């Protein structure tokens, strides 16, 4: 019955800045029956504030809550990299409902990825499939390109990549790309190369290996 709208949808701020999160209700929220939750990747939401302005146990003093009636606000005075998460407001004046959430992202200086390449295991080769993995470690920002070159031949359509969320400590991303080959095709070629293009790199970096060397 009570609908909660959160603004903004996405918030991008540098460290040390103050963040203002808005919550708007379709109807008045009785008394001060409002709560804020912080949800980090791969984790259950944690109660941040209840009763509009009451700090939950274990919550840093930089978090503050205010507002009444139709308008509520959550404010983070001095942002930290660990404060990267999604934030939900909840009313419990009536039957419990949630806001759609406001994602808070961290801005930082450009960082170049550290690149590692991994051969498929001998154990996996018995399965008749070869997986070659390329790791891109701790780079900002996100836009990155990975090239698979097998014996000087560019590979398309046989790879997939996966990116982590912003790191809790350093606000950086990490990426994994897996090149999938059959055992048969994998044994045919010698040189497997991973080529990374990124903003932090002045020139593309290439990591490679020779099969059976």
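Residue numbers count along the first chain shown, from 1.
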Going by the average Cα B-factor in the PDB entry, point out whether 186 to 194 or 17 to 25 comes out higher.
17 to 25
What stretch has the higher average Cα B-factor here, 161 to 169 or 58 to 66?
58 to 66
Can you tell me which of 72, 87, 118, 140 has the maximum CA B-factor listed in the PDB entry?
72
Residue 131, C-alpha B-factor rank within chain (lowest, middle or highest third)
lowest
When the deposited Cα B-factors of this chain's modelled residues are ordered and cut into thirds, is residue 33 in the lowest, the middle or the highest one?
highest
Chain thirds of CA B-factor: placement of residue 124:
lowest
Could you tell me which third, lowest, middle or highest, the C-alpha B-factor of residue 9 occupies within its chain?
highest
Taking only the Cα B-factors deposited for this chain, tell me whether residue 48 sits in the lowest, middle or highest third.
middle
